[PDB]
Amino acid sequence: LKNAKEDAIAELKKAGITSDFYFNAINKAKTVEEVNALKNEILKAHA
Numbered sequence: 001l002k003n004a005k006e007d008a009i010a011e012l013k014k015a016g017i018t019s020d021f022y023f024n025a026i027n028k029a030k031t032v033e034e035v036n037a038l039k040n041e042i043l044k045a046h047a
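Residue numbers (the entry's author numbering): 1 to 47.
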């Protein structure tokens, strides 16, 4: 049950942040909360 993870990555692509390194990070994240935290950090980093 990690659909929020792939949605996070898709949403990240939608934002325009195109780097597989971040996708590896998000996929390495053990929990959905980690996924969201990562996505938010990445977002703030390239916002």
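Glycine residues also receive a C-beta, built at the ideal position from the N, C-alpha and C atoms.
Rounded separation between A4 and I26 - CA only: 10 Å
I42, enclosing alpha helix (DSSP H) - first and last residue: 32-46
Neighbourhood of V35 by C-beta, 8 Å cutoff - its chain only, sequence neighbours within 5 removed: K2, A4, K5, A8, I26, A29
Assigned secondary structure, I9 (DSSP; H/G/I helix, E/B strand, else coil): helix
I17 vs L38 beta-carbon contact at 9 Å: no
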